[PDB]
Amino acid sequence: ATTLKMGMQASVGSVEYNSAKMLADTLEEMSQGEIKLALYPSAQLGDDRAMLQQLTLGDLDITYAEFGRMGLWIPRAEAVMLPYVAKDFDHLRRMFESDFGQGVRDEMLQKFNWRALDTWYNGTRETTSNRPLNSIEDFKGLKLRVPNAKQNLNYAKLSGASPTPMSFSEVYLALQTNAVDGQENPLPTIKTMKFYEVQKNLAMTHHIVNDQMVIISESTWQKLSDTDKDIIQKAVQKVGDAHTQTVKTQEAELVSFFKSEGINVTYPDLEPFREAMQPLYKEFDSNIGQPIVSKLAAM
């Protein structure tokens, strides 16, 4: 009976945890009990960076990560998380399946012991705040929490806000005590973490589309039978259809839910946000020496 360990920052009640639990149940049923999955939610093992490292080193078997998070180690991958470059999940999937994406996935495998089995949709990030964001000019000086992620910081900085990086587990208390003014996350996350309880405004900035790769350590993969490999691949893809459809459905009806909770929802013009990102797209292309932003944006 193989027990695999899977870690996530998301908490019980999140879509990420619910999909992991559906995956664990699917694995146990398709395997007649031979594959079990122990879940370690709420970032008890660290953040996604720390968990990815645990897959590399061998003490964690599965975890979640965005394709663009690979840029911490594989700098060209960062481009897929630059603000406003990926237009929706299908676009991000084209990047993931392209020759470019295959090359990143091959480097993930051969250098970092990361096998990407699939990538699911985890939502488009939006911006909450303790005062309305009606246009980019409102961002000036906003103390906007961001994760420890350069592109989220750049979104905040180039919009004129003051980025404050801090771990996900600390965000609610930081909003409640008004140590920060706002944060940015997909709508299902805002709902599950109850950030709408401590934020009066939500701005549809659509600034970064998050996918969610399901990654298994290659050292664990090569110790599984090829039958178990096939069960896991099939289970991940089936659960991934449910996860992606659930996120899509929830992102839609959550605007109605937040309004019913008294949240002020704004729809700022996004063209000024894209224009504000131009010095970032040029820095990135010039630093890497090739027009990566340009062709990713056209894929």
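In case it trips you up, residue 1 is the first one in the sequence shown, and so on.
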{"item": "50-58 set against 248-256, stretch whose average Cα temperature factor tops the other in the entry", "value": "248-256"}
{"item": "Greater mean Cα temperature factor according to the PDB record, 122-130 or 171-179", "value": "171-179"}
{"item": "Highest recorded Cα temperature factor - choice among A43, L270, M70, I231", "value": "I231"}
{"item": "Given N154, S135, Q212, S98, the residue at which the Cα B factor reaches its maximum", "value": "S98"}
{"item": "B-factor third for the C-alpha atom of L224 within its chain", "value": "highest"}
{"item": "Among modelled residues of the same chain, the CA temperature factor third for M6", "value": "middle"}
{"item": "CA B-factor placement of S159, once the chain's modelled residues are sorted into thirds", "value": "middle"}
{"item": "Chain thirds of CA B-factor: placement of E275", "value": "middle"}
{"item": "Lowest, middle or highest third - CA B-factor, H91", "value": "highest"}
